[PDB]
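Student: Encoded as structure tokens, here's the structure I'll be asking about.
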Amino acid sequence: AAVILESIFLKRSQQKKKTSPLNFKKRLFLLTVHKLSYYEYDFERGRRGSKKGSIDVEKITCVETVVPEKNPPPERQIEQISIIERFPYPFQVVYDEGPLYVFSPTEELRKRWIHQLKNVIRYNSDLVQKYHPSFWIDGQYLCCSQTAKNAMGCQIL
Ligand SMILES: *[C@H]1CCCc2occ(C(=O)O)c21
Ligand SMILES: *[C@H]1CCCc2occ(C(=O)O)c21
Ligand SMILES: [Mg+2]
Ligand SMILES: [Zn+2]
């Protein structure tokens, strides 16, 4: 399928460990009408490396912004170099295996990805009308305090 979008984002680890600290990984993200996939990027040759995972577009229920972290490290705090080193703008892709947290280098790039992702899931069956506006961190959602990753969203839209 045709490539709609191709960008380098920071990805928060999902099942690294149940209680261990959260890891953040630099990934090349690809969007087609069929899948949202991510790879280790091969910087030296200027091409995508090994595929590290995928999300079938049909399984996505929600795509929105996330309220940013209160104390972010320099890599996630607000040019050719800045675009591949700082990732301050998070968004969420909600599916069956909880939300995937993605960090964009710019506001414009996040907006573009949210816009296109909303169009590819337009005819999805499982789309929800509620979401969690804040991150799931240290066993709970910061917005509602619910302890289930698959918990129903606390806010409308
Ligand atoms: C990231 C890279 C090592 C293997 C692995 O297993 C789970 C995860 C993750 O959730 O990102 C990773
Ligand atoms: C990211 C999150 C889902 C599980 C997984 O396995 C490998 C990787 C990675 O290396 O990014 C991930
Ligand atoms: Mg630097
Ligand atoms: Zn919530």
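Starting from 1 in every chain, residues are counted up; chains themselves are A, B, ... following the order of the structure tokens, and ligands are numbered from 1 as listed.
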Within 10 Å of ligand 1, which residues of chain A come that close, and what is the closest atom pair and distance in Å for each? Count only C-alpha atoms and all ligand atoms and give it as JSON lines.

Tutor:
{"residue": "A:11", "atom": "CA", "partner": "ligand 1", "partner_atom_place_in_ligand_line": "11 (O)", "distance": 7.5}
{"residue": "A:12", "atom": "CA", "partner": "ligand 1", "partner_atom_place_in_ligand_line": "11 (O)", "distance": 6.6}
{"residue": "A:13", "atom": "CA", "partner": "ligand 1", "partner_atom_place_in_ligand_line": "11 (O)", "distance": 3.5}
{"residue": "A:14", "atom": "CA", "partner": "ligand 1", "partner_atom_place_in_ligand_line": "10 (O)", "distance": 3.7}
{"residue": "A:15", "atom": "CA", "partner": "ligand 1", "partner_atom_place_in_ligand_line": "10 (O)", "distance": 4.1}
{"residue": "A:16", "atom": "CA", "partner": "ligand 1", "partner_atom_place_in_ligand_line": "7 (C)", "distance": 4.4}
{"residue": "A:17", "atom": "CA", "partner": "ligand 1", "partner_atom_place_in_ligand_line": "7 (C)", "distance": 7.9}
{"residue": "A:22", "atom": "CA", "partner": "ligand 1", "partner_atom_place_in_ligand_line": "10 (O)", "distance": 8.9}
{"residue": "A:23", "atom": "CA", "partner": "ligand 1", "partner_atom_place_in_ligand_line": "11 (O)", "distance": 7.2}
{"residue": "A:24", "atom": "CA", "partner": "ligand 1", "partner_atom_place_in_ligand_line": "11 (O)", "distance": 7.8}
{"residue": "A:25", "atom": "CA", "partner": "ligand 1", "partner_atom_place_in_ligand_line": "11 (O)", "distance": 7.3}
{"residue": "A:40", "atom": "CA", "partner": "ligand 1", "partner_atom_place_in_ligand_line": "2 (C)", "distance": 9.6}
{"residue": "A:52", "atom": "CA", "partner": "ligand 1", "partner_atom_place_in_ligand_line": "2 (C)", "distance": 7.7}
{"residue": "A:53", "atom": "CA", "partner": "ligand 1", "partner_atom_place_in_ligand_line": "11 (O)", "distance": 8.8}
{"residue": "A:100", "atom": "CA", "partner": "ligand 1", "partner_atom_place_in_ligand_line": "10 (O)", "distance": 9.5}

Student: Compile a residue-level contact table for chain A against ligand 3 at a cut-off of 8 Å, reporting for every qualifying residue the shortest atom pair and its distance in Å to one decimal, with only C-alpha atoms and all ligand atoms counted, rows ordered by chain and ascending number, as a Markdown table.

Tutor:
| residue | atom | partner | partner_atom_place_in_ligand_line | distance |
| --- | --- | --- | --- | --- |
| A:81 | CA | ligand 3 | 1 (Mg) | 7.2 |
| A:82 | CA | ligand 3 | 1 (Mg) | 7.4 |
| A:85 | CA | ligand 3 | 1 (Mg) | 6.5 |

Student: Okay, now the selection with C-alpha atoms, as a PDB file, in the first residue's frame?

Tutor:
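Result file is again_7.pdb:
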ATOM      1  CA  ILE A  81      19.390  18.691  14.331  1.00  0.00           C
ATOM      2  CA  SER A  82      16.507  19.757  16.660  1.00  0.00           C
ATOM      3  CA  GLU A  85      16.810  15.175  18.910  1.00  0.00           C
TER       4      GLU A  85
END

Student: With only C-alpha atoms as the atoms that count, which of A:67, A:109, A:157, A:83 lies nearest to residue 5 (chain A)?

Tutor: A:109

Student: Quick one: distance from CA of residue 31 (chain A) to CA of residue 59 (chain A) in Å, one decimal?

Tutor: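 Taking CA of residue 31 (chain A) and CA of residue 59 (chain A), their separation equals 14.0 Å.
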
Student: For region 140-154 of chain A, find every residue with an atom within 7 Å (counting only C-alpha atoms), except residues of its own chain fewer than 5 positions away, and show them as a VMD selection string.

Tutor: chain A and resid 98 130 to 135

Student: Mind dumping the selected residues with C-alpha atoms as a PDB file, in the first residue's frame?

Tutor:
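Heads up, here's the output in selection.pdb:
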ATOM      1  CA  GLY A  98      -3.928  -0.294  25.443  1.00  0.00           C
ATOM      2  CA  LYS A 130     -14.463   8.781  25.078  1.00  0.00           C
ATOM      3  CA  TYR A 131     -10.717   8.968  25.837  1.00  0.00           C
ATOM      4  CA  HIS A 132      -8.126   9.479  28.623  1.00  0.00           C
ATOM      5  CA  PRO A 133      -6.528  12.991  27.995  1.00  0.00           C
ATOM      6  CA  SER A 134      -3.531  12.171  30.231  1.00  0.00           C
ATOM      7  CA  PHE A 135      -0.845   9.453  30.272  1.00  0.00           C
TER       8      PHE A 135
END

Student: Can you tell me, as a ChimeraX atom specification, what residues are no more than 9 Å from residue 106 (chain A) when counting only C-alpha atoms, ignoring any on the same chain fewer than 4 positions away?

Tutor: /A:83,86-89,110-111

Student: For residue 54 (chain A), list every protein, DNA or RNA residue within 12 Å, evaluated using only C-alpha atoms, and leave out those in the same chain fewer than 3 positions away; present the list as a PyMOL selection string.

Tutor: chain A and resi 27-32+34-39+50-51+57-60+93+95+97+100

Student: Kindly export the residues of the current selection with N, CA and C atoms, as a PDB file, in the first residue's frame.

Tutor:
ATOM      1  N   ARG A  27      12.147   5.730  16.767  1.00  0.00           N
ATOM      2  CA  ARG A  27      11.607   4.854  15.732  1.00  0.00           C
ATOM      3  C   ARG A  27      11.173   5.620  14.486  1.00  0.00           C
ATOM      4  N   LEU A  28      11.343   5.002  13.322  1.00  0.00           N
ATOM      5  CA  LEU A  28      10.812   5.524  12.071  1.00  0.00           C
ATOM      6  C   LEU A  28       9.374   4.952  12.011  1.00  0.00           C
ATOM      7  N   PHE A  29       8.348   5.830  11.911  1.00  0.00           N
ATOM      8  CA  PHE A  29       6.960   5.432  11.820  1.00  0.00           C
ATOM      9  C   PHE A  29       6.484   5.605  10.398  1.00  0.00           C
ATOM     10  N   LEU A  30       5.737   4.602   9.927  1.00  0.00           N
ATOM     11  CA  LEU A  30       5.161   4.560   8.609  1.00  0.00           C
ATOM     12  C   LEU A  30       3.672   4.395   8.688  1.00  0.00           C
ATOM     13  N   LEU A  31       2.949   5.236   7.938  1.00  0.00           N
ATOM     14  CA  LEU A  31       1.520   5.103   7.855  1.00  0.00           C
ATOM     15  C   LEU A  31       1.092   4.786   6.410  1.00  0.00           C
ATOM     16  N   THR A  32       0.325   3.677   6.251  1.00  0.00           N
ATOM     17  CA  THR A  32      -0.333   3.231   5.021  1.00  0.00           C
ATOM     18  C   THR A  32      -1.818   3.091   5.426  1.00  0.00           C
ATOM     19  N   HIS A  34      -3.458   0.356   5.483  1.00  0.00           N
ATOM     20  CA  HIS A  34      -3.555  -0.933   6.168  1.00  0.00           C
ATOM     21  C   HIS A  34      -2.917  -1.004   7.561  1.00  0.00           C
ATOM     22  N   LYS A  35      -1.715  -0.383   7.750  1.00  0.00           N
ATOM     23  CA  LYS A  35      -0.965  -0.485   8.996  1.00  0.00           C
ATOM     24  C   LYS A  35      -0.214   0.766   9.434  1.00  0.00           C
ATOM     25  N   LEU A  36       0.031   0.806  10.732  1.00  0.00           N
ATOM     26  CA  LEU A  36       0.866   1.802  11.349  1.00  0.00           C
ATOM     27  C   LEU A  36       2.032   0.984  11.833  1.00  0.00           C
ATOM     28  N   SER A  37       3.182   1.112  11.166  1.00  0.00           N
ATOM     29  CA  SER A  37       4.341   0.324  11.560  1.00  0.00           C
ATOM     30  C   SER A  37       5.511   1.191  11.978  1.00  0.00           C
ATOM     31  N   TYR A  38       6.454   0.606  12.722  1.00  0.00           N
ATOM     32  CA  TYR A  38       7.620   1.318  13.255  1.00  0.00           C
ATOM     33  C   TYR A  38       8.842   0.461  13.222  1.00  0.00           C
ATOM     34  N   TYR A  39       9.973   1.100  12.937  1.00  0.00           N
ATOM     35  CA  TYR A  39      11.274   0.481  12.706  1.00  0.00           C
ATOM     36  C   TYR A  39      12.359   1.196  13.394  1.00  0.00           C
ATOM     37  N   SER A  50      15.239  -2.584  10.665  1.00  0.00           N
ATOM     38  CA  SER A  50      14.365  -3.690  11.014  1.00  0.00           C
ATOM     39  C   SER A  50      13.043  -3.250  11.598  1.00  0.00           C
ATOM     40  N   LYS A  51      11.965  -3.883  11.133  1.00  0.00           N
ATOM     41  CA  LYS A  51      10.601  -3.653  11.587  1.00  0.00           C
ATOM     42  C   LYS A  51      10.564  -4.149  12.992  1.00  0.00           C
ATOM     43  N   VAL A  57      -4.530  -0.806  11.181  1.00  0.00           N
ATOM     44  CA  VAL A  57      -5.384   0.401  11.205  1.00  0.00           C
ATOM     45  C   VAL A  57      -6.840   0.094  11.634  1.00  0.00           C
ATOM     46  N   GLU A  58      -7.342  -1.084  11.270  1.00  0.00           N
ATOM     47  CA  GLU A  58      -8.708  -1.556  11.563  1.00  0.00           C
ATOM     48  C   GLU A  58      -8.955  -1.737  13.067  1.00  0.00           C
ATOM     49  N   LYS A  59      -7.867  -1.967  13.850  1.00  0.00           N
ATOM     50  CA  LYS A  59      -7.919  -2.145  15.309  1.00  0.00           C
ATOM     51  C   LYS A  59      -7.880  -0.818  16.119  1.00  0.00           C
ATOM     52  N   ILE A  60      -7.596   0.313  15.461  1.00  0.00           N
ATOM     53  CA  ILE A  60      -7.498   1.622  16.132  1.00  0.00           C
ATOM     54  C   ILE A  60      -8.878   2.176  16.430  1.00  0.00           C
ATOM     55  N   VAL A  93      -2.360   6.595  20.211  1.00  0.00           N
ATOM     56  CA  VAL A  93      -3.029   5.718  19.256  1.00  0.00           C
ATOM     57  C   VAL A  93      -3.628   4.597  20.151  1.00  0.00           C
ATOM     58  N   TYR A  95      -5.833   1.253  20.799  1.00  0.00           N
ATOM     59  CA  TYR A  95      -6.264   0.004  20.168  1.00  0.00           C
ATOM     60  C   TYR A  95      -6.592  -1.047  21.266  1.00  0.00           C
ATOM     61  N   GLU A  97      -4.577  -3.658  22.694  1.00  0.00           N
ATOM     62  CA  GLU A  97      -3.493  -3.734  23.666  1.00  0.00           C
ATOM     63  C   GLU A  97      -3.107  -2.315  24.183  1.00  0.00           C
ATOM     64  N   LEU A 100      -0.742   3.425  22.617  1.00  0.00           N
ATOM     65  CA  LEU A 100       0.655   3.576  22.203  1.00  0.00           C
ATOM     66  C   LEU A 100       0.933   5.075  22.272  1.00  0.00           C
TER      67      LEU A 100
END

Student: What is the distance, in Å and to one decimal place, between CA of residue 55 (chain A) and CA of residue 7 (chain A)?

Tutor: 15.9 Å

Student: Closest to ligand 4 among A:99, A:122, A:76, A:47, using only C-alpha atoms and all ligand atoms?

Tutor: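 Of all the options, A:99 lies closest to ligand 4.
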
Student: Just list the residues in region 1-137 of chain A DSSP gives strand (DSSP E or B) on the backbone, as a PyMOL selection string.

Tutor: chain A and resi 5-12+24-31+35-42+47-56+62-65+89-94+99-104+130-131+136-137

Student: Using the chain letters and numbers from this document, which residues of region 5-154 of chain A does DSSP assign to alpha helix (DSSP H), as a PyMOL selection string?

Tutor: chain A and resi 107-120
